[PDB]
Each structure stands twice: as C-alpha cells, then as structure tokens.
Amino acid sequence: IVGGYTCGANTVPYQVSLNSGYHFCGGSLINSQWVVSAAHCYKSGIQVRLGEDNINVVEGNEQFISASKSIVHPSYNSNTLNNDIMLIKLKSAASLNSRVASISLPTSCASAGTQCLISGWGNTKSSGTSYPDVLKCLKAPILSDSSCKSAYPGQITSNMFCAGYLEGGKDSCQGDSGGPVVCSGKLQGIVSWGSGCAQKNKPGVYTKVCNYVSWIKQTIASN
Ligand SMILES: NC(=[NH2+])c1ccc2nc(C(=O)c3nc4ccc(C(N)=[NH2+])cc4[nH]3)[nH]c2c1
Ligand SMILES: [Ca+2]
Ligand SMILES: [Mg+2]
Ligand SMILES: [Zn+2]
C-alpha cells in the first residue's frame with residue numbers, strides 16, 4: 001500500500017496473509033472455513049494466516065491453517081485478469097473472535113464516490129521496494145467507470161472497477177494482491193491490478209465482487 005497508514009494491530013480482523021514459506025498475497029475471511037482472494041494469487045501449498053498484524057513476529061493472535069482446496073473462477077483469463085477471484089477452503093475452521101472475524105458479501109454493488117478501506121502487507125514505495133511487516137491501510141473512493149476506462153482503454157470489463165486517486169500518491173500494490181476493498185461494511189473489491197503503483201492517472205483496478213455472490217455462495221455450499 002503506498003501513501004497509507006499503519007492500520008493498528010487486528011483492526012481489519014477479516015484480513016488474511018497467504019503464505020507459501022513467505023507472504024505473497026492477502027485475502028479475506030468470508031466465514032470460518034473459507035477465504036476469497038485473487039486468482040492471480042494462485043499457488044499450490046498455501047497456508048492461510050489469520051490474526052496477523054506483524055507477519056514476521058508471532059504476537060499471540062495468529063491462527064495458521066493450511067488450505068484443503070483452491071477454486072479459481074471458471075472464467076479467469078490470466079492475460080486480461082478478467083474474473084480475478086479464487087476461493088480457498090481451510091483444512092480446519094478458524095476460531096472467530098474479536099481479532100479474527102468474517103466480512104459480509106454485498107447485497108448490491110457500490111456507487112462511484114463510496115469511500116472504501118483497502119489493506120495489505122504489499123510494497124509501500126511507488127518508485128522503489130519497501131515491504132512493511134505490519135498491516136497498512138488506505139481509504140480511497142470508487143471512481144467513475146469513465147475515468148477508469150480512459151486510464152485503461154479496452155482493458156476494463158464489467159467485472160472490474162477502479163478506486164484510488166488520479167493525482168497518484170496513494171494506491172494498493174504488489175503484495176496487497178487478493179486483498180480486501182471494504183465499503184460500508186461489505187467486501188466490494190479484491191486487489192487485482194494496475195500500472196506500477198501510485199502513478200498519476202493510473203488508479204488501482206479491483207475485481208467487482210458484487211458480480212460473483214451467487215458463484216461464491218453456490219461454490220462454498222457444494223464444497
Ligand atoms: N505469484 C506471483 N508470482 C505473483 C503474485 C502476485 C503478483 N502481483 C503482481 C503484480 O504485478 C501486481 N499486483 C498488483 C496489485 C495492485 C496493483 C496496483 N497498482 N493497484 C498493481 C499490481 N501489480 N505480480 C505478481 C506475481
Ligand atoms: Ca505475527
Ligand atoms: Mg491485502
Ligand atoms: Zn498482484
């Protein structure tokens with residue numbers, strides 16, 4: 001996250017860190033046994049870490065659980081990144097508490113203007129590499145599809161939306177991937193892609209989760 005602030009230990013209790021010997025992507029807990037992340041975060045051998053704040057220190061509120069199965073969206077295109085969402089089932093169900101809680105899926109899609117909270121342990125420098133050990137947060141509004149499509153001509157589909165600042169300075173970045181974009185209490189986006197990070201007129205692009213609620217509900221109930 002570039003231009004964000006330290007969230008505070010466990011203030012985003014539904015944030016997960018996907019680890020395959022190191023942190024490589026973020027994710028969101030949707031219920032005690034399932035996590036939603038981005039399909040471009042697919043790997044084999046993933047351990048889900050809940051209750052994290054500093055990912056380099058065991059501070060006492062973590063739960064490390066391995067995944068039993070991963071389901072990448074049936075129509076995910078790795079070249080355009082369209083339908084960039086994946087579900088992960090935990091081998092055991094998490095124990096939910098104040099520090100580990102699930103986030104709610106949306107009943108409708110959010111409007112341009114809506115302020116959201118985006119979080120992750122991704123790169124914090126636009127020009128450079130600096131990876132934080134504690135969770136970083138960023139409040140950014142959803143942008144109109146028009147400014148999103150002008151920034152990325154012929155690349156934005158109906159399954160994506162942009163959020164951020166066209167002036168640049170604030171954005172999600174690699175390492176935040178798969179992470180949550182919560183607006184009004186509902187998980188509305190998943191960190192998917194962008195042009196570098198925090199560049200002027202290059203906002204972040206997120207997966208539009210309101211378009212996948214039936215696929216999510218049907219998939220977890222049948223797995
Ligand atoms: N399994 C891997 N090897 C892997 C995992 C995540 C990656 N992520 C990128 C990436 O290239 C990438 N993830 C981004 C997320 C947000 C923005 C943004 N500017 N908002 C830009 C991003 N670029 N490469 C990746 C490779
Ligand atoms: Ca830790
Ligand atoms: Mg994240
Ligand atoms: Zn990524």
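FYI, the numbering just counts along the sequence from 1. Atoms within each ligand, like the ligands themselves, are counted from 1 in listed order. Just the heavy atoms: all of them, side chains too, but no hydrogens, waters or symmetry mates, feed the values below.
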(Q) With a cut-off of 2.8 Å, does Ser192 put an N/O/S atom close enough to the Zn ion (ligand 4)? (A)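 Here the distance criterion (N, O or S atom, under 2.8 Å) is not met by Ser192, so no.
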
Q. Is the distance from the Zn ion (ligand 4) to some N, O or S atom of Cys41 under 2.8 Å?
A. no

Q) With sequence neighbours excluded, what pairs up with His73 under the ring-ring contact (aromatic ring centres under 6.0 Å, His included) test? A) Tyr212, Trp215

Q. What residue among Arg99, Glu62, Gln63 forms side chain to side chain contact (heavy atoms under 4.5 Å, CB included) with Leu50?
A. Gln63

Q: Measure the spacing between OG of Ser119 and CG of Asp176 and express it to the nearest 0.5 Å.
A: 8.0 Å

Q: Would you check if the distance from the ring center of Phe24 to the ring center of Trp121 is below 6.0 Å?
A: no

**Q.** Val182 and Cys116, any side-chain heavy atoms less than 4.5 Å apart
**A.** no

Q: Would you please say whether a donor-acceptor pair under 3.5 Å links the side chains of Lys69 and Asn223?
A: yes

Q | Residue pair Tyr131 / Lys125, side-chain donor-acceptor N/O under 3.5 Å | A | no

**Q.** For ligand 1, the residues whose heavy atoms come within less than 4.0 Å (ordered by chain, then number)
**A.**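 These residues qualify: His40, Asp171, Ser172, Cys173, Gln174, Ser177, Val191, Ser192, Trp193, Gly194, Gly196, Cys197, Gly204.
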
Q. Taking just the N, O or S atoms of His40, which one is nearest to the Zn ion (ligand 4)?
A.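 Result: NE2.
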
